[PDB]
Amino acid sequence: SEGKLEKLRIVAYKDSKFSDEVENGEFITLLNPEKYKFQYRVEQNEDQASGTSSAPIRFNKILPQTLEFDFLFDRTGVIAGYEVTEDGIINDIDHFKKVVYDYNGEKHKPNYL
Amino acid sequence: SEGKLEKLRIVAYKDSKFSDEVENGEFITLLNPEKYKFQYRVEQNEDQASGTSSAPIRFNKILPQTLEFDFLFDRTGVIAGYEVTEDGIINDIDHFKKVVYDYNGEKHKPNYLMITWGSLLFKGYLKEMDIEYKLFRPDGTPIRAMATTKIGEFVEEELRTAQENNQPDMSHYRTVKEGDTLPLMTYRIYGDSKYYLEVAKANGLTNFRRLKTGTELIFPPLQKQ
Amino acid sequence: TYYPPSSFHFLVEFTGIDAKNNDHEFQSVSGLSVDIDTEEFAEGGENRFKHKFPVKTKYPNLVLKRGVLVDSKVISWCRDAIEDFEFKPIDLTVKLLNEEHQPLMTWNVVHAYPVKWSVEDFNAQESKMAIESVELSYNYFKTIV
Amino acid sequence: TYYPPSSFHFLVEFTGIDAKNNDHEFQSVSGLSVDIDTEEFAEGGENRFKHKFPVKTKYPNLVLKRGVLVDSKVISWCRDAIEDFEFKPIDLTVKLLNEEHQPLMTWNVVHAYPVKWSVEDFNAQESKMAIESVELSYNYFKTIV
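Quick mapping for you: the protein sequence lines, in order, are chains N, M, Z and a.
Converting from the first sequence to the entry's author numbering requires adding 1 to each position, the first position being numbered 1.
FYI, the numbering for the second sequence is 2 to 168, 170 to 227, going by the entry's author numbering.
Converting from the third sequence to the entry's author numbering requires adding 2 to each position, the first position being numbered 1.
Converting from the fourth sequence to the entry's author numbering requires adding 2 to each position, the first position being numbered 1.
Encoded structure:
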């Protein structure tokens with residue numbers, strides 16, 4: 002199964018331990034992103050007195066991380082393996098938004114991803 | 002009617018339930034926009050203490066949505082299906098502004114808008130507009146113009162609580179399946195396993211350590227103040 | 003075909019302009035073709051090719067040439083657009099003919115109007131015919147055969 | 003080989019389109035090639051060369067020419083895509099033949115569709131055949147030999 006092209010997945014969860022799945026809350030893409038990107042930040046305290054040549058910079062804290070990527074949705078009919086649908090991409094985007102964006106009244110918040 | 006090219010429409014409304022139409026308040030375009038764009042924002046609280054490697058993240062709010070698109074007005078005479086008018090685009094722009102921009106003295110505000118084209122259906126308010134005039138007849142009558150628009154999103158407050166069906171405050175019922183225990187079910191409903199003796203007393207159970215696999219139980223809410 | 007046809011026997015006809023026999027005769031016709039604009043996309047994990055998608059169908063302008071004719075109806079129509087911005091699009095038929103002078107195949111050119119008109123340079127030292135050239139913009143074409 | 007083969011005897015076949023003998027005969031075929039896109043990098047301290055890395059495999063469009071045929075099945079297929087945006091990709095085989103008319107070598111062209119169609123200019127003063135040209139986009143090819 003080395004030869005299989007794997008596709009990116011996103012699953013929604015109910016609890017902060019990630020063990021209780023939202024029902025019908027799994028999205029699978031049809032085209033993979035080209036690339037993705039991470040970001041890392043560390044903050045220090047840099048106060049010094051006047052008349053001096055350097056400061057011994059101090060550790061403050063580590064800031065939260067960030068991930069970014071782009072997606073493409075297309076149901077025109079030139080990509081091998083898929084069919085043209087009567088309503089195009091209407092149900093693909095509506096299922097994608099239900100997983101990652103919509104407010105959940107059971108937990109009073111959007112979903113864990 | 003698959004073969005029909007549908008055109009974008011904008012209708013003005015008087016009430017926040019969108020059931021009472023403004024009279025002569027419907028605009029239909031003659032050329033469709035090329036594309037349109039949406040925007041979504043979620044805000045979090047990210048305070049943390051010094052010395053730590055991660056912050057405790059808490060959901061705060063969902064911010065209002067945004068739609069943007071561009072229009073073209075042209076009465077030169079090369080587009081099939083339409084006629085050249087004596088006054089050009091003067092009445093097209095004046096009717097478009099009366100629907101989306103002008104102040105209404107009956108309601109002391111501008112109009113509520115519904116925007117429909119194909120699969121799209123959007124309710125809200127105008128925020129921004131720019132109109133640029135491009136071609137003219139020799140006597141100064143304009144025949145071409147371009148418009149850029151930004152629309153905000155409106156939800157009435159009675160409909161917000163019905164869409165956020167917010168539910170330890172309400173009542174619940176389940177049916178017992180084989181493999182269920184009373185302290186595990188109490189944890190998934192309340193968030194704590196310690197309420198199992200109050201659930202058993204409210205259902206009249208004496209032998210709660212063995213549940214029979216057809217029983218329907220109630221789960222009462224926790225008391226307030 | 004078994005023996006394909008030649009390209010030197012054809013007719014150009016206009017709809018919406020008064021007909022004259024001298025406006026149906028041309029030296030050369032060009033521009034009867036089409037293409038599709040596309041876009042590219044690279045999918046992560048797929049290293050054998052990039053994906054390509056269609057966007058729009060595109061047509062070139064239609065170009066007609068002939069010797070100079072002074073009383074042409076087609077040119078009067080071109081002048082109204084060129085000089086006064088009065089535009090009134092027409093339809094056109096291009097016919098490729100057989101030995102009985104009947105069509106082998108035709109092209110239906112839809113909603114055309116003038117964008118260019120010119121006459122080639124004069125030269126006192128050369129023996130040449132004065133040649134006129136007209137170029138038209140149109141929306142699309144269909145074929146009948 | 004000891005004596006390499008010539009290039010004037012070949013066959014083009016289509017899969018997914020009704021067959022006719024007149025759609026398998028062509029004047030010329032081109033576009034059977036491939037290339038690899040690369041990127042460059044300069045490493046500090048290494049002054050003899052820059053490094054080069056592969057990124058993607060790239061293929062050109064396939065181009066076919068012949069004399070004009072009026073009842074072609076291939077052209078009807080091209081028109082559905084051109085006029086209505088109905089796309090239904092096909093596979094194709096290019097065969098280079100020996101003296102017994104059997105393949106020396108073949109090319110397997112995968113998932114092709116039409117992007118272009120044209121006919122060359124008419125000229126009342128020249129003796130020429132009307133020539134038709136068709137261009138197809140595809141994903142990749144493989145060879146058998």
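Backbone N, C-alpha and C fix where the C-beta goes; we use that ideal spot for every residue, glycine too.
*Helix, strand or coil at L199(M) according to DSSP, with G and I counted as helix*: The residue you call residue 199(M) lines up with position 197 of the second sequence. It is helical.
_Residue span of the alpha helix (DSSP H) that contains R81(a), given as start and end_ = For the purposes of this step, residue 81(a) is taken as the residue at position 79 of the fourth sequence. Note, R81(a): alpha helix (DSSP H), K75 to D86.
*Is there at least one Cβ from chain M nearer than 7 Å to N25(N)'s Cβ?*
By one-based count along the first sequence, residue 25(N) stands at place 24. Judged by the 7 Å Cβ criterion, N25(N) is not in contact with chain M.
*Let me know if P57(M) comes out buried or exposed under the rule of 16 or more other beta-carbons within 10 Å of its beta-carbon.*
Counted from its first residue, the second sequence places residue 57(M) at position 56. Exposed.
*Helix, strand or coil at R10(M) according to DSSP, with G and I counted as helix*: Stepping through the second sequence from its first residue, residue 10(M) is reached at position 9. Looking at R10(M) - three-state DSSP - the assignment turns out to be strand.
*Cα separation between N100(Z) and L66(Z)?*
Along the third sequence, read from residue 1 onward, the residue named residue 100(Z) stands at position 98. Along the third sequence, read from residue 1 onward, the residue named residue 66(Z) stands at position 64. Looking at the two C-alpha atoms, the distance is approximately 21 Å.
*Nearest to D71(M) by alpha carbon, out of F210(M), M130(M), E44(M) and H174(M)?*
To locate residue 71(M), count along the second sequence from 1; it is residue 70. For the residues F210(M), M130(M), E44(M) and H174(M), the minimum Cα distance to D71(M) belongs to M130(M).
*Which residues mark the beginning and the end of the beta strand (DSSP E) in which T162(M) is found?*
Along the second sequence, read from residue 1 onward, the residue named residue 162(M) stands at position 161. Here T162(M) belongs to no beta strand (DSSP E); instead the alpha helix (DSSP H) covers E158 to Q164.
_Nonlocal neighbours in the same chain, by C-beta distance under 7 Å from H11(a), ignoring five residues either side_ = On the fourth sequence, residue 11(a) is found 9 positions in, with the first residue counted as 1. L99, listed in sequence order.
*Consult DSSP for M172(M) and reduce its assignment to one of helix, strand or coil.*
Translated into the one-based positions of the second sequence, residue 172(M) becomes position 170. Of the three classes helix, strand and coil, the one that applies to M172(M) here is coil, per DSSP.
_Check whether chain Z comes within 7 Å of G78(M), counting only Cβ atoms and requiring the distance to be less than that._
Here residue 78(M) is taken as the residue at index 77 of the second sequence, counted from 1. Taking Cβ atoms only, chain Z reaches closer than 7 Å to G78(M), which makes this a yes.
*Mind checking the segment 38-59 of chain Z against chain N and listing, in chain order, the residues whose C-beta falls within less than 9 Å of any C-beta there?*
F43, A44, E45, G46, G47, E48, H53, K54, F55 and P56
*Give every residue of the same chain whose Cβ lies closer than 7 Å to the Cβ of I29(N), excluding the five residues on either side of it in the sequence, and list them in chain order.*
For this step, residue 29(N) is matched to residue 28 along the first sequence. Same-chain partners within the cutoff: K8 and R10.
*Min CB distance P34(N) to chain Z below 7 Å*: As a first step, residue 34(N) must be located in the first sequence, where it is residue number 33. Yes, contact with chain Z.
_Is there a Cβ of chain a sitting closer than 7 Å to that of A81(N), yes or no?_
In the first sequence, residue 81(N) corresponds to position 80, counting from 1. Interface residue, yes.
*Using the rule of at least 16 other Cβ atoms within 10 Å of the residue's Cβ for burial, across every protein chain shown, is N23(a) buried or exposed?*
As a first step, residue 23(a) must be located in the fourth sequence, where it is residue number 21. Answer is exposed; the Cβ neighbour count stays below 16.
*Given that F28(a) touches chain Z, what residues does it touch there, using C-beta distances under 7 Å?*
By one-based count along the fourth sequence, residue 28(a) stands at place 26. Correct list: empty, because the minimum Cβ distance to chain Z is about 12 Å.
*Looking at chain N, which residues of the segment 68-98 of chain a have a Cβ within less than 7 Å of any of its Cβ atoms?*
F89 and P91
*For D71(N), return the contacting residues in chain Z, with the cut-off set at a CB-CB distance below 7 Å.*
Your numbering for residue 71(N) matches position 70 in the first sequence. By Cβ distance, chain Z contributes nothing, its closest Cβ being about 10 Å from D71(N), past 7 Å.
*asked:* To the nearest angstrom, how far is the alpha carbon of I133(Z) from that of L13(Z)?
replied: Translated into positions along the third sequence, residue 133(Z) becomes position 131. Translated into positions along the third sequence, residue 13(Z) becomes position 11. Those two C-alpha atoms are separated by around 19 Å.
*Give me the Cα-Cα distance between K214(M) and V178(M), rounded to the nearest whole angstrom.*
Counted from its first residue, the second sequence places residue 214(M) at position 212. Counted from its first residue, the second sequence places residue 178(M) at position 176. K214(M) and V178(M): Cα-Cα distance of roughly 7 Å.
*What is the DSSP secondary structure of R190(M), reduced to helix, strand or coil?*
Taking the second sequence and counting its residues from 1, one reaches residue 190(M) at position 188. Correct three-state label for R190(M): helix.
*Does DSSP put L184(M) in a helix, in a strand, or in coil?*
Position 182 of the second sequence, counted from the start, is the residue given in the question as residue 184(M). Reduced to three states, the DSSP call for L184(M) is helix.
*Is there a Cβ from chain A that is less than 7 Å from the Cβ of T142(M)?*
Among the protein chains of the structure shown, namely N, M, Z and a, there is no chain A.
_When you compare the segment 43-56 of chain M with the segment 116-125 of chain M, are there three or more beta-carbon pairs, one atom per stretch, that lie closer than 8 Å?_
no
*Could you tell me whether the Cβ of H103(a) comes closer than 7 Å to any Cβ of chain N?*
Within the fourth sequence, the letter at position 101 stands for residue 103(a). False, the Cβ-Cβ gap to chain N never drops below 7 Å.
*Answer with yes or no whether the minimum CB distance from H11(a) to chain N is below 7 Å.*
As a working mapping, residue 11(a) is identified with position 9 in the fourth sequence. No, no contact with chain N.
*Would you check whether the ligand NAD has a heavy atom nearer than 6 Å to the C-beta of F43(Z)?*
The ligand NAD is absent from the structure shown, which contains no ligand whatsoever.
_Rounded distance between the beta-carbons of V117(a) and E137(a), thought under 8 Å_ = Taking the fourth sequence and counting its residues from 1, the one referred to as residue 137(a) is at position 135. Taking the fourth sequence and counting its residues from 1, the one referred to as residue 117(a) is at position 115. Right, the Cβ-Cβ distance comes to about 6 Å (below 8 Å), so this counts as a contact.
*Flag this pair as yes or no: are the beta carbons of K54(a) and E42(a) separated by less than 7 Å?*
Taking the first residue of the fourth sequence as 1, we reach residue 54(a) at position 52. Taking the first residue of the fourth sequence as 1, we reach residue 42(a) at position 40. Against a cut-off of 7 Å, the Cβ pair of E42(a) and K54(a) comes out as a contact.
*asked:* Tell me which residue opens and which closes the alpha helix (DSSP H) that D95(N) is part of.
replied: Counting from one through the first sequence, the residue named residue 95(N) turns up at place 94. Note, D95(N): alpha helix (DSSP H), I91 to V101.
*Could you tell me the distance, in whole angstroms, from the CA atom of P56(Z) to the CA atom of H26(Z)?*
Residue numbering aside, residue 56(Z) sits at position 54 when the third sequence is read from its first letter. Residue numbering aside, residue 26(Z) sits at position 24 when the third sequence is read from its first letter. Going from the Cα of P56(Z) to the Cα of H26(Z) covers about 37 Å.
*asked:* Less than 7 Å between the beta carbons of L219(M) and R176(M), yes or no?
replied: Numbered from 1 along the second sequence, position 217 holds the residue referred to as residue 219(M). Numbered from 1 along the second sequence, position 174 holds the residue referred to as residue 176(M). Yes, the Cβ-Cβ distance between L219(M) and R176(M) is below 7 Å.
*Step through the CB atoms of chain N and report whether any lies within less than 7 Å of the CB of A163(M).*
On the second sequence, position 162 is the one that residue 163(M) refers to. It does not: the Cβ of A163(M) has no partner Cβ on chain N nearer than 7 Å.
*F60(N) to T67(N) span [Cα, whole Å]*: Position 59 of the first sequence holds residue 60(N). Position 66 of the first sequence holds residue 67(N). Distance between the alpha carbons of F60(N) and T67(N): 21 Å.
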